[PDB]
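Residue-level structural notes
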Amino acid sequence: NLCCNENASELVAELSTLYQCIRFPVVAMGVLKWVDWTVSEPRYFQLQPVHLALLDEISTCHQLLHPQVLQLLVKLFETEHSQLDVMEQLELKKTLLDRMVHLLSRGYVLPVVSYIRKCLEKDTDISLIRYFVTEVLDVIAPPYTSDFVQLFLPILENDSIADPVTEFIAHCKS
Amino acid sequence: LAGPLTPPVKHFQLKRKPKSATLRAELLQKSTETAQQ
């Protein structure tokens, strides 16, 4: 009923019942497709984005929905609008990077850093990767398994600041 | 039928809470506001 009504602020009004009800898996998927189609509209970020918050309930509370959420945000991390300037595109990208770092904190670490490596090697400017490393090394606690280092540090070779980067590189090479 | 679930391996203990949960609390403030309505 909420979803076909074409909701934003009313979402925040009844967000209590929503996060109560996203615990149902099928409901989480239904909201995921709804927010996908609303947010996939061209230039939906110039007008309310609360929608990206809801993935935090989904991915955190449902492990097997980690692949979907990142595979949603891979499109949203490639958002480009002439109206919302490259500054606002980079703000949205950095917000999505914070979401993807949170999703990494839930254990979905191999494909996250693999795609980060790929789009750096492509699209994603060095500023976005530096902000990625900033948020990561601000949130992730040691020890860092080599399965994560093997992709995170050889792409971190480009930069050396966010100092936490020096500590991370020294710990993970030693 | 579809078999058991295996929880993911935790590679490290979280020294803090993610900022996502902080935003969940931030929006829970307005949730309590709607409860007051």
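Residues numbered from 1 in each chain as written, not as in the entry; some residues may be left out. Chains lettered and ligands numbered in written order. Part of a larger assembly, values for the part shown. Heavy atoms only, no water. Residues with missing side-chain atoms left out of burial classes, pairs and counts.

As stated in the entry header, the method of structure determination is cryo-EM and the reported resolution is 2.7 Å.

At the junction of the two partners, chain A supplies 25 residues and chain B supplies 19 residues. At the boundary of chain A with chain B, the tally comes to one salt bridge. We note a salt bridge from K19 of chain B to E135 of chain A, for which the minimum N-O separation is 3.2 Å. On the surface where chain A and chain B come into contact, there are nine residue pairs in polar contact. If you list the elements that add at least two residues to the side of chain A that touches chain B, you get α1 (9-13), α2 (15-21), α4 (51-61), α6 (86-105) and α8 (126-139) of chain A. For the side of chain A that touches chain B, the leading source of residues is α4 of chain A, giving four residues. Residue composition of the side of chain A that touches chain B, grouped by class: eleven nonpolar, seven polar and seven charged. (Contact = heavy atoms within 4.5 Å. Salt bridge = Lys/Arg side-chain N within 4 Å of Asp/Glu carboxyl O. Polar contact = N/O pair within 3.5 Å; in protein donor to acceptor, adjacent residues only side chain to side chain. Helix = DSSP H or I, 4+ residues; strand = E, 2+ residues; numbered from the N terminus. Nonpolar A, V, L, I, M, F, W, Y, C, P; charged D, E, K, R; others polar.)

This brings us to helix α1 (residues 19-36) of chain B. Residues that lie three or four places apart on an α-helix share one face, since the helix turns once every 3.6 residues. Under the 1.5 Å per step criterion, the end-to-end length of α1 of chain B is 26 Å for 18 residues, consistent within 8% with the ideal 26 Å. Considering only its buried residues, α1 of chain B is in contact with α1, α2, α4 and α6 of chain A. (Expected span 1.5 Å × (residues − 1).)

All names here are of chain A. Scanning the model with the defined rule gives four salt bridges over all chains in all. Across the pair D36 and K75 runs a salt bridge whose closest N-O atoms are separated by 3.0 Å. Taking the relative accessible area as the measure of exposure, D36 reaches 19% and is therefore buried. (Buried < 20%, exposed > 50% of the residue type's maximum accessible area, 1.4 Å probe, protein only.)

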